[PDB]
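As a plain string of letters, each chain reads:
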Amino acid sequence: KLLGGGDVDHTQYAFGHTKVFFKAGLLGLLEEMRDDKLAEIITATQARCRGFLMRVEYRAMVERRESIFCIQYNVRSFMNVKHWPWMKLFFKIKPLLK
Amino acid sequence: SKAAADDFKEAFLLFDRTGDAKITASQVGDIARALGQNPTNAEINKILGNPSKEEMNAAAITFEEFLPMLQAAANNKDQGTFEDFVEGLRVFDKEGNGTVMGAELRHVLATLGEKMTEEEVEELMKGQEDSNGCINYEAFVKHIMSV
Amino acid sequence: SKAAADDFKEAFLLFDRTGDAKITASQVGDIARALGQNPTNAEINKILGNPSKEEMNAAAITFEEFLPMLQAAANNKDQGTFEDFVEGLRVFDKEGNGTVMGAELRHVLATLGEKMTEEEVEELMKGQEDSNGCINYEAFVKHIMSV
Amino acid sequence: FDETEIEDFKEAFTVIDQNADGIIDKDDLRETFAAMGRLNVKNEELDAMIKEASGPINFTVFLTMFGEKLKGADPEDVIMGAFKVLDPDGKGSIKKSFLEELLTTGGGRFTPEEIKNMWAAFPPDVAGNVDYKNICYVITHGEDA
Amino acid sequence: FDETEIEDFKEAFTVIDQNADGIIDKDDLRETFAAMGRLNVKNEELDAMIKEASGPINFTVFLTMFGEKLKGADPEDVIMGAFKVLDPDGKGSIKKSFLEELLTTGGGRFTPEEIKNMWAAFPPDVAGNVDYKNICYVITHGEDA
């Protein structure tokens, strides 16, 4: 599972029942080239992701747009009101109602 | 070129929070993506530094630098091939059906290469992965390329 | 011939989901069955290929091809003899009473010859087989020939 | 203003207008406060309530005065709607630091100092952003329940 | 149209026709909206409601206009009848994927895109096909309950 990551030559090694097998210094050379080749392959595949990742953030930010406001203003009211005679009155009284 | 797309300048007025018509260098990565360009974050980082531009200290911008940086990133859109995106995930899980186990794609998208936050990873899987724990990446990559 | 049965054209408007008056080649097998014709699926397959018609690539249709294909399938309705259907199942189980054990008919209808899905096999046994696990095929083949 | 909220203000207007003529005068304010237990209600409190209006307190003057003070008033079902979108998996009260970061970083109305005032009478759970629901109660009807 | 549904439309016609002469004019529309809390109801909304009729809104013109918009309207008892046949063992709300497959594979009215719109305001349970009953409520009387 680990070797899953890295911009490493997925060739140069080989697994088996008790251990992994690995090249150096040739196979070592191979991998290296390989490594660069994934930055490409990878680096490019990262980007889109990154890109895309934030692209979903905007869709959320935006949705949120109003639900906040609603929350925003809504609180403010209360902070003002809660100290108002008439509103306390309504409050004690609000229950006797049906 | 104009085709002079003057809506890129109107979108710069939606991302500048001060209204002075400048956009900081830290916003330029995400605004190139919002104009229809996907440069990788290392590429956005290199170009910046390449031009002896430090994203570590305060930055401002002008439209006259952001326009040519978007036009230098626009040539790199030929790297966005969907054959390689679906074949990447097809080599990531066994059997002849396009399904990643939930936590495999979430941990790979957060820790492999350009780190995506786990908040953004959950916002990209939300709806395409159901309660079976299997993400169908045929429809998942289709919806990711719909934006 | 008309007897010009214009209700075959009205049933083609009930199976065409686009309303353009064309029916794809993959629907023609099931719509010949819904017009009162039982051609086997290999026969529907052969005829198609016979006419250098590929059911592998996109297909459209016109009423002017579907009408003569239904009229070429209509001569083969003389193969539907109920003596051989009840005698087939009478050779399939011992003793002098028409009962197949449940799973014998279900596995034979799914795996022998033209593969019927086990969903369709359960929908064809539902009601005629009770909890004794014995399907009376005298009434079972009677109800299968009632549609 | 939804119509049931306007009917709640019509019922509160009828309980404070004990002469039932449609205009709450200063005698109605004092006799409603005395029927709630306020034997010491000063005349200066009644005059400060009447000083918030430009005319007599009929039903539309009471509705416009409450409208202008409650320009961000939100019913409990829409506050719980927004808190179910903040906790989209259901049941759990959301973290204290998550609500402080998301209030600030989205809007100027969610700036910190204001977040210290939110924690300050809206207690811990409420303030913290863990519980939920008691804050929707006290935003639609004030004071400790 | 069952007769109790026609009596419900006769009662709604009498509550919007506040002049009680049998014809809902534009003044009745505006005074019914103002009595529900709509103080800002524009005249163009009242003109668009009257532009859906070819004549004055009497009881039979209101019934024919509602008939022509509700040509697939189903009462709650017949929607629960069909959902009890889809869940023939009783009690359980039926699966999300079972209703998506059976809507598509039986009829063209059950095509997918439409199934995404069904899940979209008819929430999850409703959309999914698990709950049941709340969707019958909102199909006979709209908006969130």
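Residues numbered from 1 in each chain as written, not as in the entry; some residues may be left out. Chains lettered and ligands numbered in written order. Part of a larger assembly, values for the part shown. Heavy atoms only, no water.

Structure determination for the deposited model, as stated in its record, used cryo-EM, and the stated resolution is 70.00 Å.

Engineer: Help me out: how do you make sense of the overall build of chain D in this one?
Structural biologist: If you tally the helices and strands in chain D, you get nine helices and zero strands. If you list the helices and strands of chain D from N to C, you get α-α-α-α-α-α-α-α-α. Its C-alpha atoms give chain D a radius of gyration of 19 Å, more than 25% over the compact-globule value 15 Å for 145 residues. Projected onto its principal axes, the C-alpha coordinates of chain D cover approximately 50 × 30 × 25 Å. (Helix = DSSP H or I, 4+ residues; strand = E, 2+ residues; numbered from the N terminus. Rg over C-alpha atoms; globule rule 2.2 N^0.38 Å.)

Engineer: Explain the overall build of chain B to me, please; I cannot follow it from the model alone.
Structural biologist: A tally of helices and strands in chain B yields eight helices and two strands. Helices and strands appear in chain B in the N-to-C order α-α-α-α-α-β-α-α-β-α. Its C-alpha atoms give chain B principal-axis dimensions of roughly 50 × 35 × 25 Å. Approximately 9,000 Å² of chain B is accessible, and the part contributed by carbon and sulfur atoms is 55%. (Areas by Shrake-Rupley, 256 points an atom, 1.4 Å probe, with all protein chains shown as cover.)

Engineer: Looking at this structure, how should I read the packing of helix α2 (residues 26–36) of chain D against helix α3 (residues 43–50) of chain D?
Structural biologist: The description of two helices packed together rests on the angle between their axes and the distance between the axes. Residue and element names in this part refer to chain D. Between α2 and α3, whose axes approach to 10 Å, the crossing angle comes to 125°. Considered as vectors, α2 and α3 are oriented oblique to each other. By crossing handedness, the relation of α2 to α3 is classed as right-handed. Here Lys26, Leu29, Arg30 and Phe33 of α2 lie close against α3, whose contacting residues are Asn43, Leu46, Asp47, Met49 and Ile50. (Axes fitted to C-alpha atoms, helices over the stretch in contact; angles between N-to-C directions. Parallel < 35°, antiparallel > 145°, perpendicular 65-115°, else oblique. Left-handed = near helix turned anticlockwise from the far one by under 90°. Contact = heavy atoms within 4.5 Å.)

Engineer: Before we go on, may I ask you to explain the interface of chain A and chain D in this structure?
Structural biologist: By a widely used convention, the size of an interface equals the accessible area lost when the partners come together. Listed as interface residues are 25 residues of chain A and, on the opposing side, 39 residues of chain D. Summing both partners gives a buried area of about 3,100 Å² for chain A against chain D, and 74% of it is carried by carbon and sulfur. Applying the counting rule to chain A against chain D returns zero salt bridges. Linking chain A to chain D there are eight residue pairs in polar contact. Those elements that provide at least two residues to the side of chain A that touches chain D are α1 (27–81) and α2 (85–93) of chain A. Sorting elements by how many residues they give to the side of chain A that touches chain D places α1 of chain A first, with 14 residues. For the side of chain A that touches chain D, the residue count by class is 17 nonpolar, four polar and four charged. (Buried area = accessible area lost by both parts, 1.4 Å probe. Salt bridge = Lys/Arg side-chain N within 4 Å of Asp/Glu carboxyl O. Polar contact = N/O pair within 3.5 Å; in protein donor to acceptor, adjacent residues only side chain to side chain. Nonpolar A, V, L, I, M, F, W, Y, C, P; charged D, E, K, R; others polar.)

Engineer: Help me understand a negative patch on the surface, please; the structure alone is not making it clear to me.
Structural biologist: On the surface, a cluster of negative charge is made up of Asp30, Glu119, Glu120, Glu122 and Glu123 of chain C together with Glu101 of chain E. Sorting elements by how many residues they give to the negative patch places helix α7 (residues 118–125) of chain C first, with four residues. For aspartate 30 of chain C, the location among the structural elements is in helix α2 (residues 28–33). (Patch = residues over 30% accessible without salt bridge, like charges linked within 9 Å, V, L, I, M, F, W, Y side chains within 5 Å. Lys, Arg positive; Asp, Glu negative; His and termini not counted. Charge placed at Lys NZ, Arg CZ, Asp CG, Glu CD.)

Engineer: What is the right way to read a nonpolar patch on the surface from this model?
Structural biologist: All names here are of chain C. A grouping of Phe82, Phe85, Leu124, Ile144 and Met145 is seen on the molecular surface, where their side chains present a nonpolar patch of about 440 Å² in accessible area. Note that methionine 145 resides in the segment after α8 (137–144). Overall, the relative accessible area of 42% leaves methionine 145 in the partly exposed class. (Buried < 20%, exposed > 50% of the residue type's maximum accessible area, 1.4 Å probe, protein only.)

Engineer: Teacher, can you tell me more about the environment of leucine 96 of chain A here?
Structural biologist: All names here are of chain A. Residue position: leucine 96 is located in the segment after α2. A residue is classified by how much of its surface remains accessible, and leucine 96, at 69% relative accessible area, is exposed. Between the alpha carbons of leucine 96 and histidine 83 there is a distance of 21 Å; along the sequence they are 13 residues apart.

Engineer: Explanation requested: the interface of chain A and chain B in the structure shown.
Structural biologist: On the chain B side, the residues contacting the 20 residues of chain A number 25 residues. Carbon and sulfur atoms make up 64% of the surface buried where chain A meets chain B, a total of about 2,200 Å² over both sides. By the criterion of area lost to chain B, the three top residues of chain A are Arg48, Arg50 and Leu53 of chain A, representing 31% of everything that side buries. The interface formed by chain A and chain B holds two salt bridges in total. Between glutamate 114 of chain B and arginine 50 of chain A there is a salt bridge; the shortest N-O distance is 2.1 Å. Taken together, chain A and chain B are joined by eight residue pairs in polar contact. Taken together, the residues that form the side of chain A that touches chain B break down as eight nonpolar, five polar and seven charged.

Engineer: I tried to follow helix α7 (residues 118–125) of chain B on my own but got confused; where do I start?
Structural biologist: Residues lying three or four places apart along an α-helix face the same way, a consequence of the helix completing one turn every 3.6 residues. Those residues of α7 of chain B that sit buried are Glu120, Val121, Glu123, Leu124 and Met125 of chain B. In this fold, the buried residues of α7 of chain B make contact with α1 of chain A together with α6 (102–111), β2 (134–136) and α8 (137–144) of chain B. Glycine 127 of chain B, located one to two residues past α7 of chain B, shows a positive phi value of around 115°.

Engineer: Would you mind showing me how to read the UniProt feature "binding site: Ca(2+)" in chain D here?
Structural biologist: Residues and elements named next belong to chain D. The UniProt record annotates "binding site: Ca(2+)" at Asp17, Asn19, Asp21 and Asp28. Within the fold, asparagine 19 resides in the loop between α1 (3–16) and α2. Classification of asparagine 19 by relative accessible area gives partly exposed; the value is 32%. Discounting residues that sit within four places of it in the chain, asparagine 19 has contacts with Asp25 and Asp28. In terms of polar contacts, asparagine 19 uses its side chain to reach the backbone amide nitrogen of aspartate 21, at 2.9 Å. Relative to the helices and strands, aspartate 21 is located in the loop between α1 and α2. (UniProt positions renumbered as here; feature names shortened; annotations may be inferred.)

Engineer: What is the right way to read the arrangement of the chains from this model?
Structural biologist: Contacts are most numerous between chains A and D, considering all four pairs of chains that are in contact. Separating chain C from chain D is a minimum C-alpha gap of 35 Å, and the two share no contact. The least C-alpha distance between chain C and chain E, which are not in contact, is 6 Å.

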